[PDB]
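Numbering starts at 1 and runs along the sequence shown.
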Amino acid sequence: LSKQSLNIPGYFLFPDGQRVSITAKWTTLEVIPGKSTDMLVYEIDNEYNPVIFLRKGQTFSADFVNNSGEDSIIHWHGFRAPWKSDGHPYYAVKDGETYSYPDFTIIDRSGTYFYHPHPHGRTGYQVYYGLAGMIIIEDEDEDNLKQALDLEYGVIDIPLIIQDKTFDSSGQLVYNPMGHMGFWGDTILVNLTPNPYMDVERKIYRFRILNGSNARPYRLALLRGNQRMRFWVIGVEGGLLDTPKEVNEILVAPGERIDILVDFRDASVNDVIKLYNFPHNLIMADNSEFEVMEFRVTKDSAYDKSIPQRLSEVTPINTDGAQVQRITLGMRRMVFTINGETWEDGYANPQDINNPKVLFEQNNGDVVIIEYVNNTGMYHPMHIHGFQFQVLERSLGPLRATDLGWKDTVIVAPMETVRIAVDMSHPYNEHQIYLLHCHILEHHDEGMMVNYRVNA
Ligand SMILES: [Cu+2]
Ligand SMILES: [Cu+2]
Ligand SMILES: [Cu+2]
Ligand SMILES: [Cu+2]
Ligand SMILES: [O]
């Protein structure tokens, strides 16, 4: 297949306190030119899977209309929300039904967020078939960065939703996760574009990289001929870092989002820069290297902006006297466990969904150190709902640039221990039921998921 121009998703300015219908439905998309692929899409204002824009402090009034053919619910991945507005599997609605999310205030920092379905056992299916979209929150820090660099969505502020998928001869998607290894696609897509290219100018570009794959992690570099080009991590799932972090590669797992700045003024006109995936070395399942995307520096520019010294304030969590919660990732006869338990171990069908089984319980305002201990042969990108966290320590090596800042998904390599810090402070007048689960969608679907509770 010839190189294809990178698709840039549409955008939707989500109004403040005004109800918006988000409809999941079956349709046909032309991913490969000349072929119709049956896929699911979120429809918002006659746009398919648009980039949703939010302003920090606004009211978020969403109704999920489910025409997907099965139970479903939208999860606002990374949001601090009341849990009945968060998209918990208990609240999934049947086909033809609507879930009205109670109003809540956007209180998260500016950055790149993620909306996708969260139904029990079918999240891998629905995400893979097309229910996935990016959210961009804006605050005053994003305003100053946008001015410093003259950023503009679709111009030099570019989403890169990276996904791997497999197509049959007729252009239909093939979803055959092998056992408990997660799904691994044969074809790499960016914003549902196979083998993509994008023309760039000699300017600074911001790329919001979102791993929307079911299981595949990426180790991404920018190759300019022989050498690896430099670039800067500026943000993670929970928003901007304190300062830019210069790197020459980033590791991004499913559920992670990495915001980077790339200064194509490093390159000459007519250069081609390959966004390349190297072996991820996190021990169907594939560890190969391959090009993700090609950038063509086609035009010169008078761009004279500088990468700023400071991006935002990331306040470190005070961990003195914090409670420790050890979360051991095991496997029980080809079934991955969390502290010896799966979702099917009392969590799946609560007698009272307002007071279900929880793995552990905390009081509002508790600082907790969570200690993931991976005793399995596979990596797990572990995600908690309700709060962002700060990565304290990895037993296998130093923190990586992508480990900094406010995170909500941390890579836990085979036989690795990772310590994170969570300030579980929420402004709600009711107790909260939040998920803790692996973000390899098949793992999550086959039960690597529990509740935890934070009281009022
Ligand atoms: Cu998610
Ligand atoms: Cu999530
Ligand atoms: Cu997992
Ligand atoms: Cu989740
Ligand atoms: O999630």
Closer than 4.0 angstrom, basic N to acidic O: yes or no for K305 and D263? no
Point to revise | Backbone of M378 reached by a side-chain donor or acceptor of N374 within 3.5 Å | key: yes
Margin query: Is the shortest side-chain heavy-atom distance between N339 and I327 below 4.5 Å?
Written below: yes
By ring pair (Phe, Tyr, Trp, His ring centres under 6.0 Å), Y48 pairs with (sequence neighbours left out) none
query: Can you say whether the rings of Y205 and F264 are parallel (under 30°), tilted (30 to 60°) or perpendicular (over 60°)?
result: perpendicular
For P217 and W184 the tightest heavy-atom approach is CD-CH2, 3.5 Å
Handout entry: Other residues, nucleotides, ligands: >12 heavy atoms within 6.0 Å of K357 NZ
Key = yes
The salt bridge (charged side-chain N to carboxylate O under 4.0 Å, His left out) partner of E249 among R400, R228, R230 is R228
Notebook entry, point to check: With a 4.5 Å heavy-atom cut-off, do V335 and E446 have their side chains touching?
Noted result: no
**Prompt:** Quick one: do the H77 and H439 side chains pair a donor with an acceptor below 3.5 Å?
**Reply:** yes
Heavy atoms of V367 and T319 approach each other most closely as CG1-CA, 4.4 Å
**Request:** Could you tell me whether a side-chain N or O of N211 sits under 3.5 Å from a main-chain N or O of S213, the two making a donor and an acceptor?
**Result:** yes
So the side chain to side chain donor-acceptor pair (under 3.5 Å) pairs with at least one residue in residues 124-140 (sequence neighbours excluded) are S68-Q126, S72-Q126, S110-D139
Which label fits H75 and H118: parallel for a plane angle under 30°, tilted from 30 to 60°, or perpendicular past 60°? perpendicular
For the backbone of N281 and the side chain of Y379, can you confirm whether one donor and one acceptor N or O come within less than 3.5 Å of each other?
no
When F207, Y11, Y153 are each screened for side chain to side chain contact (heavy atoms under 4.5 Å, CB included) with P159, the one that passes is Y153
- Task: Indicate whether any N or O donor in one side chain lies under 3.5 Å from an N or O acceptor in the other, for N354 and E430.
- Result: no
Check: So, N451 side chain and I433 main chain: donor-acceptor pair closer than 3.5 Å or not?
Finding: no
Query - Backbone of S288 reached by a side-chain donor or acceptor of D286 within 3.5 Å - result: yes
Closest non-hydrogen contact found for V391 with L399 is O-CD2, 3.3 Å
| Pair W83 and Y428, ring centroids less than 6.0 Å apart | no
- Report yes if the distance between the aromatic ring centroids of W406 and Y113 is under 6.0 Å, otherwise no. no
- Task: Scan side-chain atoms only and decide if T112 and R208 contain a donor-acceptor pair under the 3.5 Å cut-off.
- Result: yes
Tell me, do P119 and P89 make a side-chain contact under 4.5 Å, heavy atoms counted?
no
Residues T376 and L329: closest non-hydrogen pair is CG2-O, 3.3 Å
inquiry  = Please check if the number of heavy atoms outside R326 that lie under 6.0 Å from its CZ is greater than 12.
reply    = no
Which word best sums up how the rings of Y434 and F387 line up, parallel for under 30°, tilted for 30 to 60°, or perpendicular for over 60°? perpendicular
Is any side-chain heavy atom of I135 less than 4.5 Å from a side-chain heavy atom of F114? no
Is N214 reaching over with its side chain to a backbone N or O of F183, donor-acceptor style, under 3.5 angstrom?
no
Without swapping roles, check the side chain of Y101 against the backbone of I74 for a donor-acceptor pair under 3.5 Å.
yes
Can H437 and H385 be counted as having a side-chain donor-acceptor contact under 3.5 angstrom? yes
Problem - Any donor-acceptor N or O pair under 3.5 Å, side chains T409, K407 - result: no
*Might you confirm whether atom CZ of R310 has over 12 heavy atoms from other residues, nucleotides or ligands at distances under 6.0 Å?*
no
Check: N355 and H431 side chains under 4.5 Å, non-hydrogen atoms: yes
Practice problem: Go through the side-chain N and O atoms of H426 and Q432 and say whether any donor and acceptor fall under 3.5 Å apart. | Solution: no
